[PDB]
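Protein chains in written order, with PDB author numbering: chain C, 215 to 266; chain A, 108 to 161. What follows is one structure encoded as structure tokens, with my remarks underneath.
Right, dumping it as structure tokens:
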């Protein structure tokens with residue numbers, strides 16, 4: 215709307231909204247993807263466990 | 108290394124009465140391995156020498 219004033223008629227079918235309308239949305243993301251477990255840099259690492 | 112349950116010195120009359128008796132800590136390990144090396148058997152770097160503190 216350009217806010218044009220009619221010469222004889224009145225544009226009563228146009229109005230400015232004041233507040234938004236809340237609606238129900240559909241589903242979204244399901245879950246997270248794969249993640250890493252354990253440390254690869256530590257695999258096969260030699261560990262000293264000999265007693266005194 | 109000698110192991111005994113009697114609290115008598117090696118030089119005492121009750122003991123053998125020879126040599127010097129000294130307290131020993133831990134168990135004697137055969138020279139070649141030191142124990143814990145590798146989770147899957149690969150082997151670590153062992154220690155050797157007598158009297159050496161490492």
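From the three backbone atoms N, C-alpha and C, an ideal C-beta is built for every residue, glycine too.
At a Cβ-Cβ threshold of 7 Å, residue 258/C and residue 141/A do not count as neighbours. Contact annotation for residue 264/C against chain A: 141, 142 and 143 [CB-CB distance below 7 Å, chain order]. In the pairwise beta carbon analysis, the region 142-154 of chain A is classified as touching the region 244-263 of chain C: at least three pairs are separated by under 8 Å. Against chain C, the CB of residue 151/A has a partner CB under 7 Å away; the residue lies at that interface. Taking a Cβ-Cβ cut-off of 7 Å, the neighbours of residue 146/A in chain C comprise 261, given in sequence order. Taking the Cα positions, residue 108/A is about 15 Å away from residue 125/A. Between residue 115/A and residue 121/A, the alpha-carbon positions lie close to 7 Å from each other.
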